[PDB]
Structure formats: structure tokens, C-alpha cells
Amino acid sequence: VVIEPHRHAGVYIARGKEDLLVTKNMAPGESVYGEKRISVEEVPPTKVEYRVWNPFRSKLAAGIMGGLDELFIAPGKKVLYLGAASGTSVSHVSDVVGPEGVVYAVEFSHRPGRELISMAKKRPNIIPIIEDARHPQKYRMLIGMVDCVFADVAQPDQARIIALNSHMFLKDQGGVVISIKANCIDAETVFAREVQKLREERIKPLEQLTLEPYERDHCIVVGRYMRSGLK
């Protein structure tokens, strides 16, 4: 197996029988949710373990496969992840940002939240926050200023959730990366309206990609936060 760097720092391609999207495991030997681990050799040769990132199982991976130009998630970045669920996608964001970054992982539901806490115990760059993202004042003591807000919330009022969290925690010129599942909010009309709500919260849309063929009627949107207002 040969490892090739992806365009996006902290993301890689494992070239073998199949070409797979992978991240470098921050907790070697540990799989988070049954994903395959691949060890690559490179005095005994040194081994580096990567984890397969399946775009059918992660909205962010699906976006990366579609060719997002700007990810805003990279080594050393601080990322506020809304909708962290049991931590599957968050584990890969943790791999990407590495030891110099941080993932603030917000999830409201306790069944997945308990699994999020458990997996975070093995990754010191994850801060698990079991709270309602509609009320970011409640966890402001737990979060600094972040470089990116990622949201996979699938709520009808997710636009307000994203806005409130961005105004509290997102650096000026920081990024917003949002998955929009039209059904949980025609699709093209919904997408346009949600993107407009972002504009009304000082977020300038940069790119909008479908998640086909990985997902139906989903759209990932990347934007830039303009604290002083759209120019």
C-alpha cells in the first residue's frame, strides 16, 4: 500500500487494490466504529497507521470526494463540530487537525453522546460537549475561538443554530462548512433559502456541492464568516 497526500492537508489516499480516502490515526490500533485500519511501513521499519474514511458514512468525506476547494479543517485548526453524534466523523476531523488542533464536538442526544465521550477519552484533542447547540451560552466556558464551524445537524432551525454558534465562537474570516439535508428542513429551493439565511448572518457562501452519488438530496455549503458584515 502506498500513501499519497490528498490536496487537503491531513487527508490522504491509500493506493492498493482499491484507492481509499484515509486519515492518519491519532490513536493507533484503535478503530472507532469498525472502519478498516491500514498500516504502512516507512533498526525495524517504522509503521504509520491510517483509517479508512468512507464517504457513504460521513457527510464531510462525501464533500471532500466532490472536490471542495476550501475545507477550513486542517492540521492545527480549532473546529467547532455541531451534530457530533457518536463521533464517527469527528474522529476523522480529530485525525486531520492533529495534536496541534482541537475539535469541540457538540451533541445533544445522550445515547450517541455517551459513545462520543468514550471515544474522546482516547483522543485528547477532542472536547466532548453534551448540550443543546441552540443554547451556546451554556457551553461558552468550554470553547475558545475556532477556525471553522462544521454543522451536520439536520434540524429545521439549523440555520439559527449555526448562526448563534458562529457569532459566539467563530473567528472573523473563519469558515462554515454545513451539510444541508433538504428533507429534514423541492430541494433546490430549500438549499437556496438556507444559503440566504447564512448571508443574513454575515456568512458569505463560497462553494455549494451535491453529495451525489453518496447521498440523495444533500448539499454541502462552504462559507466565510465576515464579522463586520458582507463586503
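Numbering starts at 1 and follows the sequence shown.
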Residue 42 to residue 43: deposited residues without atomic coordinates: 4 to 9
So residue 185 and residue 186 are neighbours in the shown sequence, but is anything from the deposited sequence left out between them? Give the count as none, 1 to 3, 4 to 9, or 10 or more. 4 to 9
Averaging CA B factors per stretch from the PDB record, which one is higher: 176 to 184 or 51 to 59? 176 to 184
Got a sec? Mean C-alpha B-factor, which is higher, 130 to 138 or 157 to 165? 157 to 165
Looking only at 192, 64, 203, 26, the Cα with the top B-factor belongs to 192
Splitting the chain's C-alpha B-factors into thirds, which one does residue 99 fall into? middle
Considering every modelled residue of the chain and its Cα B-factor in the PDB entry, is residue 36 in the lowest, middle or highest third? middle
Where does residue 124 sit by CA temperature factor within its chain: lowest, middle or highest third? highest
